[PDB]
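**Student:** What follows is a structure written as structure tokens; I'll ask about it next.
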Amino acid sequence: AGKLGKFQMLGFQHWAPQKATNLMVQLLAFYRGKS
Amino acid sequence: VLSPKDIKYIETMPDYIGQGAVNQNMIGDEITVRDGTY
Amino acid sequence: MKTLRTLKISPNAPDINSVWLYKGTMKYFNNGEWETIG
Amino acid sequence: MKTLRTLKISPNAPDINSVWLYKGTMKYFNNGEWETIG
Amino acid sequence: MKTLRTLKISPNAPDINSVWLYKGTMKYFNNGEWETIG
Amino acid sequence: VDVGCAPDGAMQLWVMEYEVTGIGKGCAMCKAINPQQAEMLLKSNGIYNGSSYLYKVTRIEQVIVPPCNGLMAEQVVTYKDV
Amino acid sequence: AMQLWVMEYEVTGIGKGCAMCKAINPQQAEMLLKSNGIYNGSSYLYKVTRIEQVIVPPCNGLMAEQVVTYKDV
């Protein structure tokens with residue numbers, strides 16, 4: 001029982017053709033904020 | 001005049017979620033494609 | 001012919017219709033007494 | 001993996017899906033034969 | 001106390017509510033540890 | 001990332017879970033060119049590679065290197081699982 | 001953010017474990033496990049027993065193995 005990481009969160013300091021879709025993709029490999 | 005075997009040909013047409021983004025001979029068998037034009 | 005179905009653990013002797021387990025001593029009811037297997 | 005629900009006390013071999021309990025032996029069917037524990 | 005109703009033949013360990021049988025050894029689960037019968 | 005190895009030219013890192021039958025369970029991390037190659041390293045360079053038929057491998061998953069620091073993988077096999 | 005560290009450890013009383021981090025030095029590769037691992041509230045249980053670096057030119061080999069058997073339980 002353990003976690004293989006699915007995502008990493010980086011800053012902006014620590015760093016067109018056609019689009020398949022017009023709205024962004026909420027991935028399931030990402031936590032979401034809970035109100 | 002269309003038989004039910006012919007409406008199924010008209011039913012099996014392409015319907016696309018969309019986008020988001022003369023009969024001439026060939027002398028040669030070479031084709032260049034550019035943005036979906038042959 | 002007599003079928004024992006359940007095994008009951010206890011430090012003292014349980015019913016004659018079940019098998020007794022205590023510390024590794026398998027004891028069941030045969031020939032009127034608690035016969036240990038080993 | 002092979003569940004044995006009951007234990008049958010008898011001088012005769014009950015069934016491959018039972019535990020054969022004689023006087024001082026506990027025999028069960030393994031590799032095609034009754035293997036005694038003790 | 002804890003009444004067990006089954007016996008299992010496997011190289012692996014069964015659940016805590018069954019008797020482990022493997023090739024001539026007998027084990028059962030008391031106080032968190034598979035206690036051998038012999 | 002292009003070091004010159006077999007699977008497309010890069011290095012592939014793997015997690016393995018398995019179950020040694022008659023013995024127990026465990027984890028294994030390996031660099032291996034294939035998932036079939038990963039279970040072939042358990043049967044060749046494991047603890048039980050002599051009797052290599054005991055290994056019942058249940059999961060072979062990749063490890064992906066993130067662009068920054070972070071814990072990539074973890075697999076605890078607890079005593080109550082065994 | 002430099003290089004990859006495979007660590008064999010042992011959670012005390014609960015079981016053995018395997019890990020893989022990315023850090024600059026093995027004091028940071030052990031720090032990343034005790035602070036982000038699943039025993040984050042019991043990080044003193046982590047007993048790291050072997051750390052080795054991921055060196056690429058083999059790229060065919062085991063890097064950790066830790067079997068919890070029926071006689072360690």
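By convention in this document, the chains of the structure tokens carry letters A, B, ... by their order, each chain's residues are numbered from 1, and ligands are numbered from 1 in the order they are shown.
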Determine, counting only C-alpha atoms, which protein, DNA and RNA residues have an atom within 10 Å of an atom of residue 25 in chain E; residues of the same chain fewer than 5 positions away are not included. Present the result as a CSV table (one decimal) with N, CA, C and O atoms, in the first residue's frame.

**Tutor:**
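Contents of selection.csv, freshly written:
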chain,number,residue,atom,x,y,z
D,35,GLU,N,-3.0,-36.9,3.7
D,35,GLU,CA,-1.8,-36.6,4.4
D,35,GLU,C,-2.1,-36.3,5.9
D,35,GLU,O,-2.9,-35.4,6.2
D,36,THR,N,-1.4,-37.0,6.8
D,36,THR,CA,-1.6,-36.8,8.2
D,36,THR,C,-0.8,-35.7,8.7
D,36,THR,O,0.3,-35.5,8.4
D,37,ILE,N,-1.5,-34.9,9.7
D,37,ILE,CA,-0.8,-33.9,10.4
D,37,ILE,C,-0.4,-34.4,11.8
D,37,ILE,O,-1.2,-35.0,12.5
D,38,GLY,N,0.9,-34.1,12.2
D,38,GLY,CA,1.4,-34.6,13.4
D,38,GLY,C,2.9,-34.8,13.5
D,38,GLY,O,3.3,-35.8,12.9
E,20,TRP,N,-5.4,-22.9,8.5
E,20,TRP,CA,-4.4,-23.1,7.4
E,20,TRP,C,-3.9,-24.5,7.4
E,20,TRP,O,-3.4,-25.0,8.5
E,36,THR,N,1.0,-22.5,15.2
E,36,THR,CA,1.0,-23.9,14.6
E,36,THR,C,0.5,-24.9,15.6
E,36,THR,O,0.5,-24.7,16.8
E,37,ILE,N,-0.1,-26.0,15.0
E,37,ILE,CA,-0.7,-27.1,15.8
E,37,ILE,C,0.2,-28.3,15.6
E,37,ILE,O,0.2,-29.0,14.6
E,38,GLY,N,1.0,-28.6,16.6
E,38,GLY,CA,1.9,-29.7,16.6
E,38,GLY,C,2.8,-29.8,17.8
E,38,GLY,O,3.0,-28.8,18.5

**Student:** Which polymer residues have any atom within 12 Å of an atom of range 41-46 of chain G, counting only C-alpha atoms, with same-chain residues fewer than 2 positions away left out, as a ChimeraX atom specification?

**Tutor:** /F:76 /G:7-19,30-39,48-50

**Student:** Rounded to one decimal, what separation in Å do you get between CA of residue 1 in chain E and CA of residue 29 in chain C?

**Tutor:**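 Interatomic distance, CA of residue 1 in chain E to CA of residue 29 in chain C: 17.7 Å.
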
**Student:** Skipping near chain neighbours, those fewer than 5 positions away, what residues fall within 12 Å of residue 3 in chain F using only C-alpha atoms, listed as a list in words?

**Tutor:**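 That gives residues 8, 9, 10, 11 and 12 of chain F; 55, 56, 57, 58 and 59 of chain G.
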
**Student:** DSSP on the backbone, then: every residue of range 1-33 of chain E marked strand (DSSP E or B), written as number ranges by chain.

**Tutor:** E: 3-4, 7-9, 19-23, 25-30, 33
